[PDB]
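Where a number appears in this text, it was derived from the coordinates with a stated rule and is not lab data. Virtual Cβ from ideal backbone geometry, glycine too; neighbours counted across all protein chains shown.
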Amino acid sequence: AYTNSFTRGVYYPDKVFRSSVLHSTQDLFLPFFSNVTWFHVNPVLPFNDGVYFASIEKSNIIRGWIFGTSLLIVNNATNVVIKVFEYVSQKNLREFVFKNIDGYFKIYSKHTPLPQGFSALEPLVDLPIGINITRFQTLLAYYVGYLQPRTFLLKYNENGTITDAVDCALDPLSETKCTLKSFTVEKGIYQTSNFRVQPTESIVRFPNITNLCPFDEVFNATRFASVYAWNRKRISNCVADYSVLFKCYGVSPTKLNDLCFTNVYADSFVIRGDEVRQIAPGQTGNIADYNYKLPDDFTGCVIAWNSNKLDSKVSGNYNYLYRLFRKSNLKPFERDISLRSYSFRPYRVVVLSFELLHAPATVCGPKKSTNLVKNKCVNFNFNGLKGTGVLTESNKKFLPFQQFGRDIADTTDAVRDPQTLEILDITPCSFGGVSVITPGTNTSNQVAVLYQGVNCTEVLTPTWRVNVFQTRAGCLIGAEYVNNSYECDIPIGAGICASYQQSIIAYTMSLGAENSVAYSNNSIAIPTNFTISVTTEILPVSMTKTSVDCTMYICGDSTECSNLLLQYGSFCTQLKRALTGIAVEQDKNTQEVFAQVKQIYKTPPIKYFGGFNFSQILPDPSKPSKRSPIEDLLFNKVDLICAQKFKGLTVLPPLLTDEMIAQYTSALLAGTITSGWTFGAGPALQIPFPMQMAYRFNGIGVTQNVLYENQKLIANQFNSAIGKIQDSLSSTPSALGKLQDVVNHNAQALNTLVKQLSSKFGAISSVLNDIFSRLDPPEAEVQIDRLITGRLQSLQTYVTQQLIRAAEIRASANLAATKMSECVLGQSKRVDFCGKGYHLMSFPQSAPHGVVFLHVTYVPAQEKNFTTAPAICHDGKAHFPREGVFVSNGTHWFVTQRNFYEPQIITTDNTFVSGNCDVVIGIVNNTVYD
Amino acid sequence: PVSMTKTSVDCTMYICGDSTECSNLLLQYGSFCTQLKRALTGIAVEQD
Ligand SMILES: *[C@@H]1O[C@H](CO)[C@@H](O)[C@H](O)[C@H]1NC(C)=O
Ligand SMILES: *[C@@H]1O[C@H](CO)[C@@H](O)[C@H](O)[C@H]1NC(C)=O
Ligand SMILES: *[C@@H]1O[C@H](CO)[C@@H](O)[C@H](O)[C@H]1NC(C)=O
Ligand SMILES: *[C@@H]1O[C@H](CO)[C@@H](O)[C@H](O)[C@H]1NC(C)=O
Ligand SMILES: *[C@@H]1O[C@H](CO)[C@@H](O)[C@H](O)[C@H]1NC(C)=O
Ligand SMILES: *[C@@H]1O[C@H](CO)[C@@H](O)[C@H](O)[C@H]1NC(C)=O
Ligand SMILES: *[C@@H]1O[C@H](CO)[C@@H](O)[C@H](O)[C@H]1NC(C)=O
């Protein structure tokens with residue numbers, strides 16, 4: 001019988017209290033939705049890595065368990081009895097988790113008065129036992145599941161209770177949740193992991209020679225050569241079994257059976273005891289200078305054993321001579337047989353040298369050999385060259401002295417088979433990135449998966465599996481390709497986007513609606529109306545000013561680390577200097593954006609401006625902050641601090657307060673409302689607002705009367721647009737994404753810096769006191785230096801990224817200052833610099849870390865077709881319009897301004913004469929009234 | 001110039017490249033590869 005484990009089996013991984021957080025734990029868990037064995041009410045079940053044991057009964061039928069390949073637990077009303085050591089202490093679902101880790105036996109449990117719910121198991125007992133549990137059996141409907149190494153994302157409420165968990169490896173959505181460290185996923189595409197084709201078989205290819213090497217002749221020879229004339233023997237074409245046989249250089253003896261050698265030579269002699277220390281690289285002495293000198297870069301093994309009952313003589317042996325005088329010290333592996341005696345009375349040394357650097361293998365250890373598997377991802381081993389990949393028949397042309405082929409990275413990419421002598425390419429097994437496309441968990445749990453840079457024929461590391469489509473970006477699984485084209489929702493790549501239609505669809509993105517302009521050589525479209533448009537532009541100006549405490553981040557009130565940290569010195573001095581430069585740059589950015597005017601202009605008491613209503617951008621006196629309603633909305637629209645501060649990371653306040661920035665903004669607004677563009681170029685010259693509007697209409701080539709004749713309509717359009725600004729900002733949550741992105745970048749950088757303190761950087765632990773109170777001080781300094789270099793590197797990376805982000809923010813602030821000068825303090829002719837349309841004016845509003853420009857532009861509307869001519873022929877003279885264009889109803893001919901239909905009688909006062917009617921192409925006969 | 005090549009790096013494959021022992025050792029160096037992946041993803045998005 002089998003059942004679903006649902007989301008049961010979660011226990012508390014430690015004794016730590018965590019409050020209202022999400023924590024990631026690697027531990028032995030019961031995988032979600034596992035297949036759990038079911039029993040009704042006693043087989044002997046295995047104990048693989050720990051056990052989840054649940055039961056649903058109302059009669060206490062189950063009583064205990066016996067653990068062993070011994071340990072016994074019985075739950076009796078008197079006490080629960082544990083016996084191996086001894087210990088004594090103490091329908092409804094009862095769940096237990098049994099683990100045997102690090103010599104300790106741990107039991108977690110819970111009781112609930114399988115169900116489709118979540119309930120964590122609190123720890124029950126920990127016992128020092130020490131036995132090797134391999135099987136277990138219950139003692140008396142119970143369910144059994146098995147633990148596996150897994151990463152879980154557990155959520156702790158404010159009470160420290162685990163209320164939910166995510167099994168990261170269960171499915172793509174869970175992997176995305178674990179990647180984002182949240183239970184909620186916004187719509188988008190997320191790089192989650194890498195897929196890698198896993199090897200199927202392990203192949204071994206060693207030479208077929210099965211003869212054993214003549215080691216015994218070297219070692220068991222009755223007499224050994226004298227050290228001055230040491231013997232050298234070549235080992236070739238044999239199996240070297242080192243178990244028959246010890247200081248090894250460049251290799252470990254316990255691994256010597258697993259490697260292939262090429263130039264192996266045994267050098268044998270007999271020496272006098274202590275000079276054993278002189279058979280070594282670099283060593284000096286009589287033997288190491290005049291008899292036997294090893295290379296500085298010597299790899300191989302020196303094996304020496306005392307031969308007392310082999311060579312000792314009661315009279316003094318004279319068979320072993322040595323060179324006691326010489327001109328100059330020998331070169332490595334150089335012999336001189338051109339001399340004293342030891343006179344041994346009541347040590348044989350052999351030096352094995354070999355080359356492990358590629359080359360054909362002449363001597364190989366005993367490893368057996370298997371078949372040669374091709375076209376499949378396998379773990380291969382060619383003469384000691386281990387690896388994983390696909391082996392294919394080659395078109396390369398090797399040479400007899402060549403055994404391996406190498407690529408740019410000095411990586412072996414082609415190999416000659418030791419037996420068949422064929423050449424094989426080695427490619428790595430197929431792999432790539434994996435992206436998850438989600439419409440958002442608030443919408444659906446449905447996902448699509450993109451395997452990047454890989455076609456669908458080879459689509460494993462993610463261990464989950466998942467409406468198959470091929471794109472230049474890779475293989476898309478879980479999305480249906482539709483022939484319709486929509487605006488891009490989730491970008492996939494190469495023109496392919498994804499969207500949530502009930503289902504996930506992939507499509508070719510559209511660039512917009514096709515449009516054809518009715519072009520002809522004599523037709524012109526002229527607007528007859530206009531719309532006053534007010535658009536919003538949001539610009540970051542400054543970032544958070546950050547300061548870092550050197551020792552508090554690196555050491556954290558540890559004195560040995562603090563004393564060790566002064567061996568670098570200039571590092572964090574320059575780090576603090578860079579951060580201080582960034583902070584003063586932030587204050588400079590704010591100053592250059594908002595302090596353009598030196599007078600603080602006040603808005604007049606009476607707030608009549610010819611029908612224009614500025615109440616939503618002017619300061620609101622009732623509110624204590626004196627902010628405008630739109631500024632109020634902006635500032636509402638955008639314990640961790642203390643925790644970061646306790647690690648040396650603090651935030652400095654900006655020099656200008658939000659109130660002072662609001663004062664600057666209100667001064668700019670009052671200046672522009674009461675004096676137009678004059679206060680930017682000199683003394684503020686007052687002018688009625690309708691007259692300033694007429695000036696700005698003249699700026700964009702529209703005559704003044706157009707605004708005076710449409711004053712009420714223009715004011716109403718402006719008021720309506722300003723009122724819609726509030727709704728557009730408030731309804732849209734993504735409106736202020738730039739400033740929030742600045743805030744989130746700062747927060748993410750700080751969080752990364754904080755979480756790098758748990759990084760060990762390859763040391764025993766990430767805690768200094770553990771290293772200092774559990775290790776020799778000579779090695780404690782080494783490991784603490786490892787940690788210190790890691791943390792200093794983290795700080796330097798943080799500062800470098802802060803400098804790059806500060807440069808980007810400085811560019812943004814320079815652009816904002818330019819827009820303040822050119823869009824707020826004047827009227828700009830630069831296309832699209834101050835909003836879409838013909839710029840009229842702009843109003844600044846302060847925002848938490850930036851500025852918001854409200855651009856008021858003139859957009860032509862209600863265009864009409866007319867027939868046009870370059871010139872009008874009259875009295876043999878060509879007339880060209882002075883400040884307009886010639887248009888026609890169809891019968892009569894007028895002249896009009898270009899951006900607003902205002903037909904006028906063609907007179908000699910709105911045209912000018914140039915030449916006859918013989919050169920201009922398209923000239924039209926008509927009357928020019930005088 | 002308007003954009004540059006969008007690059008992605010498989011941190012483990014570059015550093016270790018089929019060596020599982022190297023991967024286990026590399027898992028002890030923290031979120032280095034996570035930071036690099038985030039930075040490169042930001043660059044790639046900025047190109048588009
Ligand atoms: C993937 O394999 C299919 C089938 O052989 C092939 O048509 C396709 O071109 C391959 N992908 C690429 C990128 O070449
Ligand atoms: C002017 O446009 C018309 C229609 O678009 C075309 O037939 C005519 O050839 C054009 N004029 C000249 C000189 O080509
Ligand atoms: C211009 O458009 C406005 C709406 O913005 C409308 O009330 C007005 O009647 C229009 N005028 C003309 C001449 O079409
Ligand atoms: C200006 O607009 C606000 C908001 O729409 C409104 O409450 C106020 O009465 C208006 N003032 C005038 C003078 O129309
Ligand atoms: C101008 O004429 C073209 C072709 O006759 C037509 O497609 C277009 O809609 C006209 N424009 C207006 C504003 O009516
Ligand atoms: C031509 O313009 C005059 C305006 O003075 C008037 O007859 C009419 O608006 C136009 N004719 C036609 C057919 O539209
Ligand atoms: C315009 O007038 C001139 C001379 O008066 C004549 O030659 C020409 O043909 C006229 N244009 C048209 C389109 O009739």
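Quick notes on this structure:
- Computed over the protein assembly as shown, the range of Cα coordinates on each principal axis works out to 147, 89, 60 Å, biggest value leading.
- For chain A, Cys with no neighbouring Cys Cβ under 4.7 Å: A:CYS642
- Listing A:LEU154, A:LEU511, A:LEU450, A:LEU372 from fewest to most neighbouring C-beta atoms within 10 Å gives A:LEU511, A:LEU372, A:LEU154, A:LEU450.
- When the charge dipole of the protein assembly as shown is built from unit charges on Cβ atoms (+1 for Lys and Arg, -1 for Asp and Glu) and taken about the Cα centre, the candidate among A:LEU775, A:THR559, A:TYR695 whose Cα reaches farthest toward its positive end is A:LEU775.
- Dipole of region A:617-674, positive direction: furthest Cα of A:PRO653, A:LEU669, A:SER625, with charges on the beta-carbon: A:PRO653
- A Förster distance of 35 Å, applied to the separation of the beta-carbon atoms of A:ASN865 and A:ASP930, puts the FRET efficiency at 0.70.
- Nearest-20 debye value, chain A charge dipole, Cβ charges on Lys, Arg, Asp, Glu: 2540
- The separation of region A:361-393 from region A:192-226, counted between C-alpha centres, amounts to 12 Å.
- Rough spin-label spacing in nm, given labels placed 7 Å along Cα→Cβ, for A:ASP776 and A:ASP336: 3.8
- Per-residue ³J(HN,Hα) for region A:251-259, Karplus 6.51 cos²θ - 1.76 cosθ + 1.60, θ = phi - 60°, Hz, x for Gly and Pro: 7, 9, x, 5, 9, 4, 6, 9, 10
- One Cα centroid belongs to region A:854-930, the other to region A:134-151; the line between them spans 94 Å.
- Qualifying chymotrypsin sites (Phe, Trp or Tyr not before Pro) for region A:348-434 [loop in DSSP, other Cβ within 10 Å: at most 14]: A:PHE401
- Distance (nanometres) between label positions extended 7 Å along Cα→Cβ at A:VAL517 and A:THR559: 8.0
- Cut-off 19 Å (backbone N to label point 7 Å along Cα→Cβ of A:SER109), residues of region A:123-142: A:123-129, A:136-142
- The charge dipole of region A:234-282, taken about its Cα centre with unit charges on the Cβ of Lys, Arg, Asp and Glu (plus for the first two, minus for the last two), comes to roughly 60 debye.
- Simple label model, 7 Å out from Cα along Cβ direction - A:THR151 to A:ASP289, nm: 6.0
- Dividing the summed helix terms, -39500 (n - 2.57) for each DSSP H run of n ≥ 4, by the number of residues in the protein assembly as shown produces a 222 nm estimate of -7000 deg cm²/dmol to the nearest 500.
- Computed FRET value (nearest 0.05) for A:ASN529 with A:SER914, which takes r as the C-beta separation and R₀ as 25 Å: 0.15
- Links that overshoot a 29 Å alpha carbon limit, given the list A:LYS255/A:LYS755; A:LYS836/B:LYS6; A:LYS15/A:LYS58; A:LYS607/A:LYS819: A:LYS255/A:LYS755; A:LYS836/B:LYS6; A:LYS15/A:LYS58
- Highest-first packing order for the peptide set A:475-483, A:727-735 is A:475-483, A:727-735, based on the mean count of other beta carbon atoms within 10 Å.
- For region A:838-901, the fraction of alpha-carbon pairs in successive 5 Å shells from zero, as %: 4, 13, 17, 15, 11, 8, 7, 7, 6, 5, 4, 2, 1, 0
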